[PDB]
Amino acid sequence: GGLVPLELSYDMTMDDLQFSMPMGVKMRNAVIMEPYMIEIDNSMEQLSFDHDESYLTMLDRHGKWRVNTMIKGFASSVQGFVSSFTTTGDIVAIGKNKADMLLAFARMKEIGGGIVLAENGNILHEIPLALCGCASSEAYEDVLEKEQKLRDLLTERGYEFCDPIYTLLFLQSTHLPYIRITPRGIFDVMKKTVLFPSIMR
């Protein structure tokens, strides 16, 4: 557990894992994304491993809003993956098992923020916020280790692009084409309009 956990005003529940919009974001490379029409049944607690469409939920750090969409091409067997290591402070949850996503979120809060990869009821890997980037040169090695391991695991589970941290960091960047996830919902960068909107929690 955590003596000093991330004191978010909310816990992530199954109600934050309701997916309904027919459109998701598809990775062209590590950062460039385009709209795509979801081709699979996004009502299931567990998604199949024979495709590369994963649930993606973006959650307000303050718990007011959330965006429930799909990301195609991030991975094909990531069960639960949560990161609070964003420049906005907002929370990203990606995966194919809603229970593992909830578990990774709870564990992320327990360790005081950061990155948590969970799988089949267990925590596969975690990086506390202090080790997600090299804030202190003293910790460089540790950072590197924590990072590389994460890479390896994500690469084993279908992440084929160069840098998943890059991906996560630029999901909300409305100046990079072609579609982004914003507090107002998914966002068409070229037409500068909200597509399907966010949900008030």
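We number the residues from 1 along the sequence you see.
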Between 140-148 and 159-167 (mean CA B-factor, as deposited), the higher
140-148
On average, which has the higher Cα B-factor in the deposited entry, 121-129 or 74-82?
121-129
Between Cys134, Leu59, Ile32, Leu56, which one tops the list for C-alpha B-factor in the PDB entry?
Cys134
Could you place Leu17 in the lowest, middle or highest third of its chain by Cα temperature factor, using the values in the record?
highest
Please say which third, lowest, middle or highest, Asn42 falls into when its CA temperature factor is compared across its chain.
highest
Tell me, lowest, middle or highest third: where does the Cα B factor of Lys191 rank within its chain?
highest
